[PDB]
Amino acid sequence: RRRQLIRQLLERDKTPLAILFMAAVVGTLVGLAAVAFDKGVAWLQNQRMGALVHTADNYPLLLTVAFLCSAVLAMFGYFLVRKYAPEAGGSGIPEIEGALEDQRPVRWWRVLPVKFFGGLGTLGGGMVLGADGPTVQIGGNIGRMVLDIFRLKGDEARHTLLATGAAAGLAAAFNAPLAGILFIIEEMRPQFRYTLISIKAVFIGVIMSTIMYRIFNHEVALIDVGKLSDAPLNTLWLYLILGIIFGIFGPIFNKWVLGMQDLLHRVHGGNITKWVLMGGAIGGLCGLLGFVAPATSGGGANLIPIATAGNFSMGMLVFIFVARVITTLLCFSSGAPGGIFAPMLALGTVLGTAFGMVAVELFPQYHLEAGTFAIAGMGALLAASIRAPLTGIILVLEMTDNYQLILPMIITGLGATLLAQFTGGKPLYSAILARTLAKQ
């Protein structure tokens, strides 16, 4: 060994230039894609909002026009995924995890336009789903494309350019360049075997994709919540009790997304017409919920600050949470193209805010601001349920800039990923690839 090691070192971090030059373009192409995906999504939500004004008098007529406008786009989505590309339903991150293991196919001629346009109908109709699964999938398929297009040879070239695509695709969905890289590193790489994924090339990928998002979005941020207060050391245990509550709830929610995954498949039995019709009813209900209960529908970025600043009552948080618990399953267990990453953040924020308001009334001697428990809890579902605490924290950190809370954040994050292991939970993104290799 010792001989084998010495010349192995001498020759480390020498990623071949051709891989690098090819990693730039992947990021460039995913940014644009990701931006253009986001622009589309909004633009249709606007029409939904615009057609509400045109029928803004017959209150019964309004209920259905936002049903239909969204029922329609809901259906166009389930279809373009059933007819042309089955593996482009739901998140699609399981798929890319499988692809890295060499256990799933990368049909980019089929997925890129199915996801891109399938997503706009499920996103743009205002369904509880994030743009993350979509953009990470599109971004990897983009990365497979330039491997094909330029006929490069290797598993290094194949695994590297498939990953940077998926990393530059998560960055541009949150403006989270670090939490890009750290997702590759902590979650999606083959988790039981060594891999020739070049970190330095994943990097150049995330840089272009971010530079792309900033060209079409700058001077704006996705969540602004100010600088909240600091966390005394004699208060840090509250952030452990918070992770414990998240640690028990984490797997329960993992069960319910799997459990309900099957219970919607019973409905259509598999049949493309029983299915698309159910999804336009869900989608028609999401565009309809997003008109009476905007906080019970949609991705959920909206109510994250409106929750942090303690702008809700206790009841409204209990309500918004249980409602969203439900409308999240319906949209993702149905298998409509769209992640559960954003709609979990919203769940996490709503949860901690509730936890903070309770903490405030019990402990006036701590001079507490509930917004800190919201920021702590925001990436807490992502730690307890999909079990990527590191990526989850640096995600919330990159979107809220409350770095003084890095300790309470790190402690709650552990306190979930621990109490979730001590009660029988699973990486949901690997318990999918699990059940999707168990039928295959």
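Don't overthink the numbering: it's just position in the shown sequence, from 1.
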- Query: Between 60-68 and 370-378, which has the larger average Cα B-factor in the PDB entry?
  - Reply: 60-68
- Task: Could you check the entry and say whether 48-56 or 396-404 has the higher mean CA B-factor?
- Result: 48-56
- Could you say which of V220, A231, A131, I241 has its CA atom at the highest B factor, as listed in the PDB entry? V220
- Item | Lowest, middle or highest third - CA B-factor, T417 | lowest
- CA B-factor ranking of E186, expressed as a third of its chain: lowest
- Chain thirds of CA B-factor: placement of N175: lowest
- Task: Among all modelled residues of this chain, ranked by Cα B factor, put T328 in the bottom, middle or top third, i.e. lowest, middle or highest.
- Result: middle
- Item | CA B-factor ranking of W108, expressed as a third of its chain | middle
